[PDB]
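Have a look at start03.txt below; it lists compact mmCIF, N, CA and C atoms.
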```
# COMPACT_ATOMS: atom_id res chain seq x y z
N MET A 1 40.11 -93.97 44.47
CA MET A 1 39.82 -92.56 44.10
C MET A 1 38.82 -92.51 43.00
N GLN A 2 38.15 -91.36 42.76
CA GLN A 2 37.21 -91.13 41.71
C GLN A 2 37.91 -90.46 40.58
N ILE A 3 37.37 -90.65 39.35
CA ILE A 3 37.72 -90.08 38.09
C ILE A 3 36.50 -89.93 37.25
N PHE A 4 36.58 -89.03 36.26
CA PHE A 4 35.47 -88.61 35.46
C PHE A 4 35.67 -89.09 34.06
N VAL A 5 34.67 -89.72 33.41
CA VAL A 5 34.84 -90.20 32.08
C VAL A 5 33.83 -89.51 31.23
N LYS A 6 34.30 -88.56 30.40
CA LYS A 6 33.47 -87.79 29.53
C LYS A 6 33.32 -88.47 28.21
N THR A 7 32.07 -88.62 27.74
CA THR A 7 31.70 -89.28 26.53
C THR A 7 31.60 -88.33 25.38
N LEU A 8 31.57 -88.87 24.15
CA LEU A 8 31.31 -88.15 22.95
C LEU A 8 29.99 -87.46 22.93
N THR A 9 28.98 -88.01 23.62
CA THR A 9 27.71 -87.37 23.70
C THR A 9 27.50 -86.44 24.85
N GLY A 10 28.66 -86.00 25.36
CA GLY A 10 28.64 -84.97 26.35
C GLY A 10 28.28 -85.45 27.72
N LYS A 11 28.02 -86.74 27.97
CA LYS A 11 27.72 -87.27 29.27
C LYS A 11 28.94 -87.57 30.08
N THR A 12 28.82 -87.34 31.40
CA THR A 12 29.94 -87.57 32.26
C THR A 12 29.66 -88.73 33.16
N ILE A 13 30.49 -89.78 33.00
CA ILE A 13 30.38 -90.99 33.75
C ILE A 13 31.29 -91.00 34.93
N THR A 14 30.89 -91.46 36.13
CA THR A 14 31.75 -91.33 37.27
C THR A 14 32.23 -92.68 37.66
N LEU A 15 33.55 -92.88 37.84
CA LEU A 15 34.19 -94.10 38.22
C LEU A 15 34.97 -93.99 39.48
N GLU A 16 35.02 -95.16 40.16
CA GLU A 16 35.76 -95.39 41.36
C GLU A 16 36.81 -96.37 40.95
N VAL A 17 38.09 -95.95 40.88
CA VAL A 17 39.17 -96.80 40.51
C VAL A 17 40.23 -96.81 41.55
N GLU A 18 41.31 -97.59 41.37
CA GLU A 18 42.45 -97.66 42.23
C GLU A 18 43.64 -97.48 41.37
N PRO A 19 44.67 -96.75 41.67
CA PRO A 19 45.80 -96.58 40.80
C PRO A 19 46.44 -97.68 40.02
N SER A 20 46.36 -98.88 40.62
CA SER A 20 46.93 -100.10 40.12
C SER A 20 46.08 -100.84 39.14
N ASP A 21 44.83 -100.43 38.86
CA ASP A 21 43.98 -101.04 37.89
C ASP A 21 44.56 -100.82 36.54
N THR A 22 44.47 -101.80 35.62
CA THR A 22 44.86 -101.71 34.24
C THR A 22 43.74 -101.17 33.43
N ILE A 23 44.03 -100.50 32.30
CA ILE A 23 43.12 -99.89 31.38
C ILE A 23 42.01 -100.77 30.91
N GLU A 24 42.19 -102.10 30.91
CA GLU A 24 41.12 -102.99 30.55
C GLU A 24 40.06 -103.15 31.57
N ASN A 25 40.41 -102.84 32.84
CA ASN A 25 39.54 -102.89 33.97
C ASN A 25 38.56 -101.78 33.89
N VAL A 26 39.03 -100.62 33.41
CA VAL A 26 38.30 -99.39 33.37
C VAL A 26 37.31 -99.40 32.26
N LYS A 27 37.67 -100.05 31.13
CA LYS A 27 36.74 -100.18 30.06
C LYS A 27 35.65 -101.13 30.42
N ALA A 28 35.99 -102.15 31.23
CA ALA A 28 35.07 -103.14 31.69
C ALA A 28 34.04 -102.64 32.64
N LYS A 29 34.35 -101.59 33.43
CA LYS A 29 33.40 -100.91 34.26
C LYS A 29 32.54 -100.06 33.39
N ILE A 30 33.08 -99.40 32.35
CA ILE A 30 32.24 -98.70 31.43
C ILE A 30 31.24 -99.61 30.80
N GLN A 31 31.56 -100.90 30.57
CA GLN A 31 30.62 -101.82 30.03
C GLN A 31 29.50 -102.20 30.94
N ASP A 32 29.68 -102.36 32.27
CA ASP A 32 28.64 -102.76 33.16
C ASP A 32 27.71 -101.66 33.53
N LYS A 33 28.05 -100.42 33.12
CA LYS A 33 27.23 -99.27 33.33
C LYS A 33 26.60 -98.80 32.06
N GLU A 34 27.33 -98.81 30.93
CA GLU A 34 26.76 -98.44 29.67
C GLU A 34 26.54 -99.37 28.53
N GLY A 35 27.04 -100.61 28.67
CA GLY A 35 26.90 -101.59 27.64
C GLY A 35 27.76 -101.55 26.42
N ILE A 36 28.80 -100.70 26.39
CA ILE A 36 29.74 -100.44 25.33
C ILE A 36 30.82 -101.46 25.41
N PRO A 37 31.04 -102.28 24.43
CA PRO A 37 32.03 -103.30 24.64
C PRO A 37 33.40 -102.72 24.74
N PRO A 38 34.35 -103.22 25.47
CA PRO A 38 35.69 -102.71 25.55
C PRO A 38 36.48 -102.53 24.30
N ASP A 39 36.27 -103.43 23.32
CA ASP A 39 36.91 -103.41 22.04
C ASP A 39 36.59 -102.22 21.19
N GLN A 40 35.55 -101.44 21.55
CA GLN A 40 35.05 -100.32 20.83
C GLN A 40 35.39 -99.08 21.59
N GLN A 41 35.98 -99.18 22.80
CA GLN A 41 36.30 -97.99 23.53
C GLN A 41 37.71 -97.50 23.51
N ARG A 42 37.97 -96.20 23.30
CA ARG A 42 39.23 -95.52 23.30
C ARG A 42 39.27 -94.51 24.39
N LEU A 43 40.23 -94.56 25.33
CA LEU A 43 40.40 -93.67 26.44
C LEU A 43 41.51 -92.76 26.04
N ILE A 44 41.23 -91.45 26.15
CA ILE A 44 42.18 -90.46 25.73
C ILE A 44 42.25 -89.64 26.97
N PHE A 45 43.48 -89.20 27.28
CA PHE A 45 43.79 -88.30 28.35
C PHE A 45 44.94 -87.47 27.88
N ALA A 46 44.83 -86.13 27.94
CA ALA A 46 45.83 -85.21 27.49
C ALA A 46 46.34 -85.42 26.10
N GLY A 47 45.44 -85.76 25.16
CA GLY A 47 45.74 -86.02 23.78
C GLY A 47 46.38 -87.32 23.42
N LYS A 48 46.50 -88.30 24.33
CA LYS A 48 47.24 -89.52 24.24
C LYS A 48 46.40 -90.69 24.62
N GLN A 49 46.37 -91.73 23.77
CA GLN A 49 45.59 -92.91 24.00
C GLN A 49 46.16 -93.74 25.10
N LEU A 50 45.29 -94.42 25.86
CA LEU A 50 45.61 -95.27 26.97
C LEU A 50 45.58 -96.69 26.50
N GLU A 51 46.63 -97.42 26.91
CA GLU A 51 46.90 -98.79 26.56
C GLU A 51 46.46 -99.80 27.56
N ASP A 52 45.72 -100.84 27.15
CA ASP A 52 45.22 -101.92 27.94
C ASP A 52 46.11 -102.66 28.88
N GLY A 53 47.40 -102.84 28.58
CA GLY A 53 48.31 -103.40 29.53
C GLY A 53 48.87 -102.42 30.51
N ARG A 54 48.62 -101.12 30.29
CA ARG A 54 49.11 -100.17 31.24
C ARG A 54 48.07 -99.91 32.28
N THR A 55 48.51 -99.24 33.36
CA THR A 55 47.74 -98.93 34.52
C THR A 55 47.39 -97.48 34.61
N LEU A 56 46.37 -97.08 35.38
CA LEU A 56 46.09 -95.70 35.67
C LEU A 56 47.24 -94.89 36.17
N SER A 57 48.09 -95.39 37.09
CA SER A 57 49.30 -94.85 37.61
C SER A 57 50.38 -94.70 36.59
N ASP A 58 50.52 -95.61 35.61
CA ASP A 58 51.48 -95.39 34.57
C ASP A 58 51.30 -94.15 33.77
N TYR A 59 50.10 -93.57 33.61
CA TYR A 59 49.80 -92.31 33.01
C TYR A 59 49.64 -91.19 33.99
N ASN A 60 49.95 -91.35 35.29
CA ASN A 60 49.89 -90.28 36.25
C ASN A 60 48.54 -89.66 36.33
N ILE A 61 47.52 -90.53 36.36
CA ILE A 61 46.14 -90.21 36.56
C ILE A 61 45.87 -90.25 38.02
N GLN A 62 45.38 -89.11 38.54
CA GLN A 62 45.26 -88.81 39.93
C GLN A 62 43.83 -88.57 40.25
N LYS A 63 43.41 -88.16 41.46
CA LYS A 63 42.04 -88.00 41.84
C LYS A 63 41.39 -86.91 41.06
N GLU A 64 40.11 -87.12 40.70
CA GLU A 64 39.33 -86.21 39.92
C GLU A 64 39.87 -85.87 38.57
N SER A 65 40.65 -86.73 37.89
CA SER A 65 41.03 -86.54 36.52
C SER A 65 39.93 -86.78 35.55
N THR A 66 39.87 -86.00 34.45
CA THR A 66 38.86 -86.24 33.47
C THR A 66 39.43 -86.92 32.28
N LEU A 67 39.07 -88.21 32.10
CA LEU A 67 39.38 -89.06 30.99
C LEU A 67 38.36 -88.90 29.92
N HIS A 68 38.74 -88.86 28.63
CA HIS A 68 37.82 -88.68 27.54
C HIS A 68 37.64 -90.00 26.87
N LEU A 69 36.40 -90.43 26.59
CA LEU A 69 36.06 -91.66 25.94
C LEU A 69 35.61 -91.46 24.53
N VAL A 70 36.33 -91.99 23.53
CA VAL A 70 36.07 -91.85 22.13
C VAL A 70 35.83 -93.24 21.66
N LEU A 71 34.87 -93.44 20.74
CA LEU A 71 34.53 -94.70 20.15
C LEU A 71 35.38 -94.94 18.95
N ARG A 72 35.71 -96.22 18.68
CA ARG A 72 36.51 -96.73 17.61
C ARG A 72 35.84 -96.58 16.29
N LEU A 73 36.68 -96.39 15.25
CA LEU A 73 36.16 -96.34 13.92
C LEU A 73 35.60 -97.64 13.45
N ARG A 74 34.78 -97.53 12.39
CA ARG A 74 34.17 -98.62 11.70
C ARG A 74 35.04 -99.72 11.21
N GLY A 75 34.79 -101.01 11.51
CA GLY A 75 35.67 -102.07 11.11
C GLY A 75 35.08 -103.14 10.26
N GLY A 76 33.86 -102.83 9.77
CA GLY A 76 33.14 -103.62 8.81
C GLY A 76 31.69 -103.17 8.78
```

Written form, structure tokens:
Amino acid sequence: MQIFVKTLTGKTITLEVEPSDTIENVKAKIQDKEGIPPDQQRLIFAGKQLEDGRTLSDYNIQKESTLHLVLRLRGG
């Protein structure tokens, strides 16, 4: 299924995922399209952060959901 990943800069990125993919998979696709390393990416959906060991299905993310991508704070 497809899902929408909205960025801080107002851009909308389009992904093709499968329910069983883990959150680290999704950040990794964001990297091959935008170059943003996974360690710097935060996925927020409905006000709640998404965890790398969890799956898209564990958060009840369905077709055409809009996931919000927020960048991590400064760490040095």

* Excluding residue 2 of chain A and any residue of its chain fewer than 6 positions from it, enumerate the residues within 5 Å of it, using all atoms listed in the file, and give them as a PyMOL selection string. => chain A and resi 15-17+63-64

* Point out the residue among A:40, A:26, A:10, A:35 with the least atom-to-atom distance to residue 73 of chain A, counting only N, CA and C atoms. => A:40

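Separating atom N of residue 24 of chain A from atom C of residue 54 of chain A is a distance of 6.4 Å.
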
* Structure fact -> Atom pair atom CA of residue 4 of chain A + atom N of residue 72 of chain A, distance 18.4 Å

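Compared by their closest atoms to residue 71 of chain A, and using all atoms listed in the file, the residues A:48, A:27, A:6, A:42 rank with A:42 nearest.
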
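Running DSSP on the backbone and keeping only alpha helix (DSSP H), the residues of chain A that qualify are residues 23, 24, 25, 26, 27, 28, 29, 30, 31, 32, 33 and 34 of chain A.
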
Now that the selection is made, can you save its residues with N, CA and C atoms as a PDB file, in the coordinates of the input?
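Saved result, again.pdb, follows:
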```pdb
ATOM      1  N   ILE A  23      44.030-100.500  32.300  1.00  0.00           N
ATOM      2  CA  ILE A  23      43.120 -99.890  31.380  1.00  0.00           C
ATOM      3  C   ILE A  23      42.010-100.770  30.910  1.00  0.00           C
ATOM      4  N   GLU A  24      42.190-102.100  30.910  1.00  0.00           N
ATOM      5  CA  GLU A  24      41.120-102.990  30.550  1.00  0.00           C
ATOM      6  C   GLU A  24      40.060-103.150  31.570  1.00  0.00           C
ATOM      7  N   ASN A  25      40.410-102.840  32.840  1.00  0.00           N
ATOM      8  CA  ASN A  25      39.540-102.890  33.970  1.00  0.00           C
ATOM      9  C   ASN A  25      38.560-101.780  33.890  1.00  0.00           C
ATOM     10  N   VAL A  26      39.030-100.620  33.410  1.00  0.00           N
ATOM     11  CA  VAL A  26      38.300 -99.390  33.370  1.00  0.00           C
ATOM     12  C   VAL A  26      37.310 -99.400  32.260  1.00  0.00           C
ATOM     13  N   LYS A  27      37.670-100.050  31.130  1.00  0.00           N
ATOM     14  CA  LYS A  27      36.740-100.180  30.060  1.00  0.00           C
ATOM     15  C   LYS A  27      35.650-101.130  30.420  1.00  0.00           C
ATOM     16  N   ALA A  28      35.990-102.150  31.230  1.00  0.00           N
ATOM     17  CA  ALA A  28      35.070-103.140  31.690  1.00  0.00           C
ATOM     18  C   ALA A  28      34.040-102.640  32.640  1.00  0.00           C
ATOM     19  N   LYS A  29      34.350-101.590  33.430  1.00  0.00           N
ATOM     20  CA  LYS A  29      33.400-100.910  34.260  1.00  0.00           C
ATOM     21  C   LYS A  29      32.540-100.060  33.390  1.00  0.00           C
ATOM     22  N   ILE A  30      33.080 -99.400  32.350  1.00  0.00           N
ATOM     23  CA  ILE A  30      32.240 -98.700  31.430  1.00  0.00           C
ATOM     24  C   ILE A  30      31.240 -99.610  30.800  1.00  0.00           C
ATOM     25  N   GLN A  31      31.560-100.900  30.570  1.00  0.00           N
ATOM     26  CA  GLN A  31      30.620-101.820  30.030  1.00  0.00           C
ATOM     27  C   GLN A  31      29.500-102.200  30.940  1.00  0.00           C
ATOM     28  N   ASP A  32      29.680-102.360  32.270  1.00  0.00           N
ATOM     29  CA  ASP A  32      28.640-102.760  33.160  1.00  0.00           C
ATOM     30  C   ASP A  32      27.710-101.660  33.530  1.00  0.00           C
ATOM     31  N   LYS A  33      28.050-100.420  33.120  1.00  0.00           N
ATOM     32  CA  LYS A  33      27.230 -99.270  33.330  1.00  0.00           C
ATOM     33  C   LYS A  33      26.600 -98.800  32.060  1.00  0.00           C
ATOM     34  N   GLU A  34      27.330 -98.810  30.930  1.00  0.00           N
ATOM     35  CA  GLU A  34      26.760 -98.440  29.670  1.00  0.00           C
ATOM     36  C   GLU A  34      26.540 -99.370  28.530  1.00  0.00           C
TER      37      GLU A  34
END
```

* Hey, can you check how far atom N of residue 62 of chain A sits from atom C of residue 28 of chain A? -> 18.6 Å

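Nearest to residue 70 of chain A of all the residues A:14, A:22, A:41, A:9 is A:41, counting only N, CA and C atoms.
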
Among the residues of chain A, find those DSSP assigns to strand (DSSP E or B) from the backbone and print them as an mmCIF file with N, CA and C atoms, in the frame of the given file.
```cif
data_model
loop_
_atom_site.group_PDB
_atom_site.id
_atom_site.type_symbol
_atom_site.label_atom_id
_atom_site.label_comp_id
_atom_site.auth_asym_id
_atom_site.auth_seq_id
_atom_site.Cartn_x
_atom_site.Cartn_y
_atom_site.Cartn_z
ATOM 1 N N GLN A 2 38.150 -91.360 42.760
ATOM 2 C CA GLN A 2 37.210 -91.130 41.710
ATOM 3 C C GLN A 2 37.910 -90.460 40.580
ATOM 4 N N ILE A 3 37.370 -90.650 39.350
ATOM 5 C CA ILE A 3 37.720 -90.080 38.090
ATOM 6 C C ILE A 3 36.500 -89.930 37.250
ATOM 7 N N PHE A 4 36.580 -89.030 36.260
ATOM 8 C CA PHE A 4 35.470 -88.610 35.460
ATOM 9 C C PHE A 4 35.670 -89.090 34.060
ATOM 10 N N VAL A 5 34.670 -89.720 33.410
ATOM 11 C CA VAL A 5 34.840 -90.200 32.080
ATOM 12 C C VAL A 5 33.830 -89.510 31.230
ATOM 13 N N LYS A 6 34.300 -88.560 30.400
ATOM 14 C CA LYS A 6 33.470 -87.790 29.530
ATOM 15 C C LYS A 6 33.320 -88.470 28.210
ATOM 16 N N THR A 12 28.820 -87.340 31.400
ATOM 17 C CA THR A 12 29.940 -87.570 32.260
ATOM 18 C C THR A 12 29.660 -88.730 33.160
ATOM 19 N N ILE A 13 30.490 -89.780 33.000
ATOM 20 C CA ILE A 13 30.380 -90.990 33.750
ATOM 21 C C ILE A 13 31.290 -91.000 34.930
ATOM 22 N N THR A 14 30.890 -91.460 36.130
ATOM 23 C CA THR A 14 31.750 -91.330 37.270
ATOM 24 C C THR A 14 32.230 -92.680 37.660
ATOM 25 N N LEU A 15 33.550 -92.880 37.840
ATOM 26 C CA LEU A 15 34.190 -94.100 38.220
ATOM 27 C C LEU A 15 34.970 -93.990 39.480
ATOM 28 N N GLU A 16 35.020 -95.160 40.160
ATOM 29 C CA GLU A 16 35.760 -95.390 41.360
ATOM 30 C C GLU A 16 36.810 -96.370 40.950
ATOM 31 N N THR A 22 44.470 -101.800 35.620
ATOM 32 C CA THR A 22 44.860 -101.710 34.240
ATOM 33 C C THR A 22 43.740 -101.170 33.430
ATOM 34 N N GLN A 41 35.980 -99.180 22.800
ATOM 35 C CA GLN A 41 36.300 -97.990 23.530
ATOM 36 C C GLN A 41 37.710 -97.500 23.510
ATOM 37 N N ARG A 42 37.970 -96.200 23.300
ATOM 38 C CA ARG A 42 39.230 -95.520 23.300
ATOM 39 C C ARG A 42 39.270 -94.510 24.390
ATOM 40 N N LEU A 43 40.230 -94.560 25.330
ATOM 41 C CA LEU A 43 40.400 -93.670 26.440
ATOM 42 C C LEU A 43 41.510 -92.760 26.040
ATOM 43 N N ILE A 44 41.230 -91.450 26.150
ATOM 44 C CA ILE A 44 42.180 -90.460 25.730
ATOM 45 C C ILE A 44 42.250 -89.640 26.970
ATOM 46 N N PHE A 45 43.480 -89.200 27.280
ATOM 47 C CA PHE A 45 43.790 -88.300 28.350
ATOM 48 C C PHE A 45 44.940 -87.470 27.880
ATOM 49 N N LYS A 48 46.500 -88.300 24.330
ATOM 50 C CA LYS A 48 47.240 -89.520 24.240
ATOM 51 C C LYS A 48 46.400 -90.690 24.620
ATOM 52 N N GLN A 49 46.370 -91.730 23.770
ATOM 53 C CA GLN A 49 45.590 -92.910 24.000
ATOM 54 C C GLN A 49 46.160 -93.740 25.100
ATOM 55 N N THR A 55 48.510 -99.240 33.360
ATOM 56 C CA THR A 55 47.740 -98.930 34.520
ATOM 57 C C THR A 55 47.390 -97.480 34.610
ATOM 58 N N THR A 66 39.870 -86.000 34.450
ATOM 59 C CA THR A 66 38.860 -86.240 33.470
ATOM 60 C C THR A 66 39.430 -86.920 32.280
ATOM 61 N N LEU A 67 39.070 -88.210 32.100
ATOM 62 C CA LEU A 67 39.380 -89.060 30.990
ATOM 63 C C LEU A 67 38.360 -88.900 29.920
ATOM 64 N N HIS A 68 38.740 -88.860 28.630
ATOM 65 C CA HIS A 68 37.820 -88.680 27.540
ATOM 66 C C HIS A 68 37.640 -90.000 26.870
ATOM 67 N N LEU A 69 36.400 -90.430 26.590
ATOM 68 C CA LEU A 69 36.060 -91.660 25.940
ATOM 69 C C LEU A 69 35.610 -91.460 24.530
ATOM 70 N N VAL A 70 36.330 -91.990 23.530
ATOM 71 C CA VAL A 70 36.070 -91.850 22.130
ATOM 72 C C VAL A 70 35.830 -93.240 21.660
ATOM 73 N N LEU A 71 34.870 -93.440 20.740
ATOM 74 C CA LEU A 71 34.530 -94.700 20.150
ATOM 75 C C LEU A 71 35.380 -94.940 18.950
#
```

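Distances from A:1, A:47, A:37, A:69 to residue 18 of chain A were compared using all atoms listed in the file, and the smallest one belongs to A:1.
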
* Structure fact -> Judged by only N, CA and C atoms, the minimum distance to residue 53 of chain A among A:21, A:31, A:13, A:3 is found for A:21

Can you sort out the box for segment 10-17 of chain A, edges along x, y and z, all listed atoms in, 8 Å on every side, with centre and edge lengths in Å to one decimal, as JSON?
```
{"center_x": 34.0, "center_y": -90.9, "center_z": 33.5, "size_x": 28.5, "size_y": 27.8, "size_z": 32.2}
```

Selecting N, CA and C atoms, how would segment 15-31 of chain A from this structure be written as a PDB file, in the first residue's frame?
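For reference, decode_29.pdb as written:
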```
ATOM      1  N   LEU A  15       5.575   6.889  -0.394  1.00  0.00           N
ATOM      2  CA  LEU A  15       6.118   5.589  -0.149  1.00  0.00           C
ATOM      3  C   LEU A  15       5.163   4.482  -0.433  1.00  0.00           C
ATOM      4  N   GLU A  16       5.779   3.352  -0.822  1.00  0.00           N
ATOM      5  CA  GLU A  16       5.143   2.097  -1.077  1.00  0.00           C
ATOM      6  C   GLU A  16       5.659   1.199  -0.007  1.00  0.00           C
ATOM      7  N   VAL A  17       4.818   0.821   0.971  1.00  0.00           N
ATOM      8  CA  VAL A  17       5.208  -0.041   2.043  1.00  0.00           C
ATOM      9  C   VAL A  17       4.320  -1.235   2.121  1.00  0.00           C
ATOM     10  N   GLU A  18       4.573  -2.164   3.060  1.00  0.00           N
ATOM     11  CA  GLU A  18       3.781  -3.327   3.315  1.00  0.00           C
ATOM     12  C   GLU A  18       3.512  -3.336   4.780  1.00  0.00           C
ATOM     13  N   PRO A  19       2.366  -3.624   5.321  1.00  0.00           N
ATOM     14  CA  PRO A  19       2.126  -3.599   6.734  1.00  0.00           C
ATOM     15  C   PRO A  19       3.079  -4.128   7.751  1.00  0.00           C
ATOM     16  N   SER A  20       3.822  -5.164   7.321  1.00  0.00           N
ATOM     17  CA  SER A  20       4.766  -5.898   8.103  1.00  0.00           C
ATOM     18  C   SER A  20       6.134  -5.309   8.155  1.00  0.00           C
ATOM     19  N   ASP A  21       6.452  -4.231   7.416  1.00  0.00           N
ATOM     20  CA  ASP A  21       7.714  -3.561   7.455  1.00  0.00           C
ATOM     21  C   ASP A  21       7.878  -2.925   8.792  1.00  0.00           C
ATOM     22  N   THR A  22       9.093  -2.916   9.370  1.00  0.00           N
ATOM     23  CA  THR A  22       9.447  -2.244  10.580  1.00  0.00           C
ATOM     24  C   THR A  22       9.842  -0.837  10.291  1.00  0.00           C
ATOM     25  N   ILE A  23       9.664   0.087  11.252  1.00  0.00           N
ATOM     26  CA  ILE A  23       9.956   1.485  11.190  1.00  0.00           C
ATOM     27  C   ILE A  23      11.324   1.831  10.710  1.00  0.00           C
ATOM     28  N   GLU A  24      12.315   0.936  10.871  1.00  0.00           N
ATOM     29  CA  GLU A  24      13.623   1.186  10.347  1.00  0.00           C
ATOM     30  C   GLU A  24      13.760   1.037   8.871  1.00  0.00           C
ATOM     31  N   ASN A  25      12.822   0.282   8.272  1.00  0.00           N
ATOM     32  CA  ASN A  25      12.732   0.027   6.867  1.00  0.00           C
ATOM     33  C   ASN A  25      12.292   1.266   6.168  1.00  0.00           C
ATOM     34  N   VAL A  26      11.368   1.996   6.817  1.00  0.00           N
ATOM     35  CA  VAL A  26      10.711   3.147   6.279  1.00  0.00           C
ATOM     36  C   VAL A  26      11.618   4.329   6.299  1.00  0.00           C
ATOM     37  N   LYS A  27      12.466   4.425   7.339  1.00  0.00           N
ATOM     38  CA  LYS A  27      13.426   5.483   7.381  1.00  0.00           C
ATOM     39  C   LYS A  27      14.486   5.279   6.354  1.00  0.00           C
ATOM     40  N   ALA A  28      14.809   4.002   6.083  1.00  0.00           N
ATOM     41  CA  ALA A  28      15.789   3.622   5.113  1.00  0.00           C
ATOM     42  C   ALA A  28      15.410   3.896   3.698  1.00  0.00           C
ATOM     43  N   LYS A  29      14.104   3.887   3.373  1.00  0.00           N
ATOM     44  CA  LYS A  29      13.595   4.298   2.102  1.00  0.00           C
ATOM     45  C   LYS A  29      13.648   5.785   2.029  1.00  0.00           C
ATOM     46  N   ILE A  30      13.345   6.517   3.115  1.00  0.00           N
ATOM     47  CA  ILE A  30      13.533   7.934   3.102  1.00  0.00           C
ATOM     48  C   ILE A  30      14.948   8.295   2.808  1.00  0.00           C
ATOM     49  N   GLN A  31      15.945   7.495   3.228  1.00  0.00           N
ATOM     50  CA  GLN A  31      17.315   7.762   2.919  1.00  0.00           C
ATOM     51  C   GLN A  31      17.687   7.576   1.488  1.00  0.00           C
TER      52      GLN A  31
END
```
